[PDB]
Amino acid sequence: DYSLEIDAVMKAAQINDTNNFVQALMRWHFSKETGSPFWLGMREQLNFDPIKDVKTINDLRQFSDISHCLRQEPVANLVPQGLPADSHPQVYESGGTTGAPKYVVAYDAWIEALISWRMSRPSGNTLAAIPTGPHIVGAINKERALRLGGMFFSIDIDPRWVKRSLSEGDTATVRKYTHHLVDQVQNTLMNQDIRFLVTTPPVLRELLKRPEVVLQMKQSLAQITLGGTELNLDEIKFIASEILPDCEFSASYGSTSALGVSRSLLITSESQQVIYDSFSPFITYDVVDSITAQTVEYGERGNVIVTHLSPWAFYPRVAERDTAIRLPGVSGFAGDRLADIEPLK
Amino acid sequence: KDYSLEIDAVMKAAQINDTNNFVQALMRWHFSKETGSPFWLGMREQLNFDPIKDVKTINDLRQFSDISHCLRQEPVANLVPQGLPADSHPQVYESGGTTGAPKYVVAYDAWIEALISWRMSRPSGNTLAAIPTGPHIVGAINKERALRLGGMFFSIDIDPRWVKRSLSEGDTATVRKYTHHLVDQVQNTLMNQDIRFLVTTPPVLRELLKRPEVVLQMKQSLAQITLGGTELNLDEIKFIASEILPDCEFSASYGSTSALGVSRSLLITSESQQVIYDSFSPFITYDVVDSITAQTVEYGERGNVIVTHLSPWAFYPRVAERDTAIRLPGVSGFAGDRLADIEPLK
């Protein structure tokens, strides 16, 4: 039982004592008693001592991205021994397009913590027009739908097929697929009482072209969440002021890599950027030059780098496929904020 | 206000096959103002019979009609019996999108747990269930199974509504490309992670078997394959079982959202002459009836499949499924028929 070791970590996180948070978690991840087989075995490959040479969150820059290992690392090797036996490990995936994907493990207690943080009033049912299956977004949105006093409704949506279909410029399929998505979404909006919608711009765009659906949304929806990295802020502002005046808008930024999502500020008439905040110190961002990997200045755009550190997992310095404008983090908190995320070309 | 004892009493009656007291107790449950669902509470007054006084046995449920149409716009909260505890965890699942869309039902963790302890009744490891998740209860049922097998639950992106849409526009080129895309995700997992159990469908297996490196991996690591759906080809399965995957066991799964469950077949071997299924009786019961008279057929005759779900969680009587099957004797002491060689109607 390592419930005291664990709770001491969470208490360091809570008071933002990030140095002790980091050091306590280095000891956790690299003890023979509590660490995961994967990090225990990785320790000999490192050019420094994770226990002697890591004092702060910046010291984590000594680690390389090990995402490339997560194809063939057996998933059970990702589990820290120190976790309780009822922790409930679950496989989730991102990648690859062509052959991949990377396999990570999340736990209920983690998704629970993440949603607590996110969630700190309307109530009702949620329609998440998002991937489930191997995609952690699916499980994160279930847990949020549960905090919202309703049921979790979803659709069939094969995001890999949509990716693959673009990479082949078969945009005839892509049109037809989105169409089928939107039909699913219409069905539930019409037939059941949905308070909360979670979707993407292309899907919402085509929904707003179906006027009966539009009328239902005027009556029922208290909030729309938009996900992804292809958000047109002007389009959203308009939708919000002219078309769905009673519905709140916000954005969600997915990182499977950090086992998480990040929340935007509410999107108002006043919004100059979409600006995202992370579950720091568990999930932290850095925004870096694409050649030097050095942190850019505030207001500059660089490559997004995400680090997960927690009792459940350790994924240091993950190089995402996105860029953002670097903003100062919430004060007393490790990590940067992001604005206006874009995909890399 | 707490109904733990009542619920337990029902479970106990099912446990010991006291089917009469099980049915009678669940009529009270479902039709009492205190414990029943708003949906059946509201339906009571259009029945031509008293579900409480005029129903004694399973066969007596024949007096109910299939209400499956109401489930498209019945608000889902209305399906929730008021007597369930507050921790119960209602979840929505769907059947019948693809022209036209979908019945919404509710299911609960404790129900799915009971169903899997039934189904589950040496090898252990990871499961790859190459099957729908999302709004589909089969995903959630397979997740709980995988949990009990001592490994993790791996899954894929698969949109069965897309597949049926395409198929009905007779667009076979899209069907094919999509199947290839499913097979790629399955191969990736089978090649990169150690998978002990595979849950899939014949079209997909059929293509996996066209990939010699994949077959070699399977020969090495697969303790069991489960095939779903209603287009099973016994002879082909027996071939793969004996000549291709000799150290792998094969079974079938027959799902219906209508009954919030799956039924399970006997191991398919060299000796099998039929694919034969049994159900989680008395919660899920089958009848096999004439297409015109709706009367039960003789053992060994083909008829239309009727499924009944009866539990503390739900009540779906006499659902007319879109499949036929050979009617077989049930397990002795159990209400309901066993089924063999399921086919879709048309």
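Residues numbered from 1 in each chain as written, not as in the entry; some residues may be left out. Chains lettered and ligands numbered in written order. Heavy atoms only, no water.

Focus: the overall build of chain B
Working step 1: Looking only at helices and strands, one finds 10 helices and 13 strands in chain B.
Working step 2: Expressed along its principal axes, the backbone C-alpha trace of chain B runs to roughly 60 × 45 × 45 Å.
Working step 3: Looking at the 346 residues of chain B, the share that counts as buried comes to 58%.
Working step 4: Entry remark: accessible area of chain B is about 15,200 Å², with carbon and sulfur atoms responsible for 50%.
Working step 5: Chain B carries 33 positive and 41 negative side-chain charges, and their two centres are separated by 1 Å. (Helix = DSSP H or I, 4+ residues; strand = E, 2+ residues; numbered from the N terminus. Buried < 20%, exposed > 50% of the residue type's maximum accessible area, 1.4 Å probe, protein only. Areas by Shrake-Rupley, 256 points an atom, 1.4 Å probe, with all protein chains shown as cover. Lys, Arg positive; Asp, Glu negative; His and termini not counted. Charge placed at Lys NZ, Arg CZ, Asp CG, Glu CD.)

Looking at the overall build of chain A
Working step 1: When you go through chain A residue by residue, the secondary structure sums to 10 helices and 13 strands.
Working step 2: For 345 residues, the compact-globule estimate of 2.2 N^0.38 gives 20 Å, and chain A sits close to it at 21 Å.
Working step 3: By principal-axis analysis of the C-alpha atoms, chain A measures approximately 65 × 45 × 45 Å.
Working step 4: The 345 residues of chain A split such that 57% are buried.
Working step 5: Only carbon and sulfur atoms are counted for the fraction: they give 50% of the accessible area of chain A, which is about 15,000 Å².
Working step 6: Here chain A contributes 32 positively and 41 negatively charged side chains, and the mean placements of these two sets differ by 1 Å. (Rg over C-alpha atoms; globule rule 2.2 N^0.38 Å.)

Notes on the interface of chain A and chain B
Working step 1: Contact residues are listed per partner, giving 43 residues for chain A and 40 residues for chain B.
Working step 2: Carbon and sulfur atoms supply 50% of the area buried between chain A and chain B, which totals about 3,500 Å² over both sides.
Working step 3: If you sort the residues of chain A by the area they bury against chain B, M151, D156 and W161 of chain A come out on top, with a joint share of 19%.
Working step 4: Taken together, the connections running from chain A to chain B amount to five salt bridges. (Contact = heavy atoms within 4.5 Å. Buried area = accessible area lost by both parts, 1.4 Å probe. Salt bridge = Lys/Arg side-chain N within 4 Å of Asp/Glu carboxyl O.)

Regarding the pattern of salt bridges
Working step 1: Evaluation of the coordinates by the stated rule reveals 30 salt bridges over all chains.
Working step 2: A salt bridge links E236 of chain B to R206 of chain B; the shortest N-O distance between them is 2.9 Å. Within this pair, whereas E236 of chain B is found in helix α10 (residues 234–244), its partner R206 of chain B is found in helix α8 (residues 202–208), the two being separated by 30 residues in sequence.
Working step 3: Through salt bridges with shared partners, one network takes in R61, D286 and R317 of chain A.

Some details on the pairing of strand β2 (residues 102–106) of chain A
Residues and elements named next belong to chain A.
Working step 1: With respect to burial, β2 is a largely interior element, five of its five residues being buried.
Working step 2: Going residue by residue along β2, you find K102, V104 and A106 tucked away on one face and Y103 and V105 tucked away on the opposite face as well.
Working step 3: Alignment of strand β1 (residues 90–94) against β2, held across five bridges, turns out to be antiparallel. Paired with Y92 across the two strands is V104, which belongs to β2. (Pairing = 2+ DSSP bridges.)

Let's talk about the sheet that holds strand β5 (residues 195–200) of chain B
Residues and elements named next belong to chain B.
Working step 1: With mixed pairing, 11 strands are arranged side by side in an open sheet as β4-β3-β5-β6-β7-β8-β9-β13-β12-β11-β10. The open sheet has two free edges, formed respectively by β4 (153–155) and β10 (284–289), since each of these has just one partner strand. For this sheet the average axis-to-axis angle between neighbouring strands, irrespective of direction, equals 35°.
Working step 2: Examined bridge by bridge, strand β7 (residues 249–256) and strand β8 (residues 261–265) share four bridges and lie antiparallel to one another. The residue of β8 that forms the bridge with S256 is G261.
Working step 3: Contacts from helix α5 (residues 137–148) reach β3 (126–129), β4, β5, β6 (224–228) and β8 within the one sheet, and its direction differs from that of β4 by about 145°. (Axes fitted to C-alpha atoms, helices over the stretch in contact; angles between N-to-C directions.)

Let's talk about empty space enclosed by the protein
Working step 1: Reported here for the largest cavity is a volume of approximately 90 Å³.
Working step 2: Around the largest cavity, the lining is made up of 14 residues, and of these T132, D156 and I157 of chain A together with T133 and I158 of chain B lie nearest the centre.
Working step 3: Classifying every residue of the lining of the largest cavity gives six nonpolar, four polar and four charged. (1 Å grid on protein atoms, 1.4 Å probe; cavity = no way out; pocket = protein on both sides within 12 Å on 5 of 7 lines; lining within 4 Å. Points joined across faces, edges and corners; volume = space filled by probe spheres on them. Nonpolar A, V, L, I, M, F, W, Y, C, P; charged D, E, K, R; others polar.)

Honestly, that's just the spatial picture; any functional story needs more than this.
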